[PDB]
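The chain that follows stands alone, in the form deposited in one PDB entry, written as structure tokens.
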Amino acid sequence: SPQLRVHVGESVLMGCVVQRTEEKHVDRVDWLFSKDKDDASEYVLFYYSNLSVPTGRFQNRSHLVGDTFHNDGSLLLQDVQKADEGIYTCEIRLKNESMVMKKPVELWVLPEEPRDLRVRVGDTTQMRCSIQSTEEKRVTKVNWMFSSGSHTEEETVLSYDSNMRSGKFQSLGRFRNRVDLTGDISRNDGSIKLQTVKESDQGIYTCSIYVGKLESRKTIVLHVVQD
């Protein structure tokens, strides 16, 4: 059973894909949460008759992102909190099948990442953004934006869209020639590298990382210091 660790605030995609040679529709998916067994459980989401229903304290953070016409009942849980630590069980039945697959996934939650990233002038840094996932190729779009304290508007640092022939755009303004993707988008990683950091690079970097139309958002405050 997969054991996934995430920091507080992160998203996690828990795969629930039924291995078949044929592309079958999903009839039923249930995702249930228990802290230990705990003697207690709660629904994250259920799906029947072509409708998903995120429930309870997961109602606004949870999404069936699997292709329900291709054997897939995978879940995206956003904004993970410490109370989300425990076991997620997927029960899934495909159209025209009687058998039910049951797949437990354990989620471990580490303390939230610091908001601030400290860098010295002239150094290189990474800004990391990725979704924790058992499944490849789920991220469809990554967009990095920048604002300083004095900006009237965000500017684009780097953008990648998997559903365009275009693919990858890099800044032609303040970050020109100093930014590139270090993440493998096919492995759900939108991380970038920023080279020869300047004082004027100080500010808020935002990553919007998409699984379909569903955005997960990450903020990094770049604090540029001396010596």
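Whichever C-alpha set is largest while still superposing within 1.5 Å between the two forms counts as the rigid core. A residue's number is simply how far along the shown sequence it sits, counting from 1.
Although it is not shown, the form deposited with a partner chain bound is what the next lines describe.
Across the options 20-28, 5-13, 215-223, 199-207, residues that bring heavy atoms within 4.5 Å of the partner chain in the deposited bound form belong to 20-28. Annotated contacts: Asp67, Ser166 and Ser186 all touch the partner chain in the deposited bound form [non-hydrogen atom within 4.5 angstroms].
In the deposited bound form, no heavy atom of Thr125 sits within 4.5 Å of the partner chain. The closest heavy atom approach of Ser162 to the partner chain in the deposited bound form falls within 4.5 Å. Interface membership of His151, defined by any non-hydrogen atom within 4.5 Å of the partner chain in the deposited bound form, is ruled out. Proximity of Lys137 to the partner chain in the deposited bound form: non-hydrogen atoms within 4.5 Å are present. Candidate set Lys102, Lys82, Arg120, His151; criterion, C-alpha shift of 2 Å or more between this form and the one not shown after rigid-core fit; matching residue, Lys102.
With the core held fixed between this form and the one not shown, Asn60 has its Cα displaced by under 2 Å. The rigid-core alignment places the CA of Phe169 2 Å or more apart between this form and the one not shown.
Core-superposed comparison between this form and the one not shown: the CA of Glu215 stays below a 2 Å shift. Relative to the shown form, the CA atoms of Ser208 and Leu172 are brought 3 Å or more closer together in the deposited bound form. Inter-residue distance, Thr21 to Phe46 (Cα): reduced by at least 3 Å in the deposited bound form versus the depicted form.
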